[PDB]
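First residue of the sequence shown: 1, per this note's numbering; consecutive thereafter.
Below is one structure; the comments refer to it alone.
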Amino acid sequence: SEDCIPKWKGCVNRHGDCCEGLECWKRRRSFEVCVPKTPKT
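And the structure:
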């Protein structure tokens with residue numbers, strides 16, 4: 001019941017709509033999808 005895009009749901013037109021800790025990523029083999037943000041090393 002939250003307002004945000006889950007992990008790998010599709011962000012072809014919703015980049016800044018991914019849940020907290022997520023980030024829209026474009027792909028060449030598949031359509032853009034909200035991918036999980038990686039840690040900082």
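Just so you know, even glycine gets a beta-carbon here, dropped at the ideal spot from N, CA and C.
Do residue i and residue j have their CB atoms nearer than 7 Å?
i, j, result
"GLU20", "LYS26", "no"
"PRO39", "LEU22", "no"
Looking only at DSSP bridge pairs, what is residue i linked to?
i, result
"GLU23", "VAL35"
"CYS18", "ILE5"
For residue i, is the classification buried or exposed, using 16 other Cβ atoms within 10 angstroms of its Cβ as the cut-off for buried?
i, result
"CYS11", "buried"
"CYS4", "exposed"
Between the alpha carbons of residue i and residue j, how many angstroms are there, rounded?
i, j, result
"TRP8", "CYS34", "5 Å"
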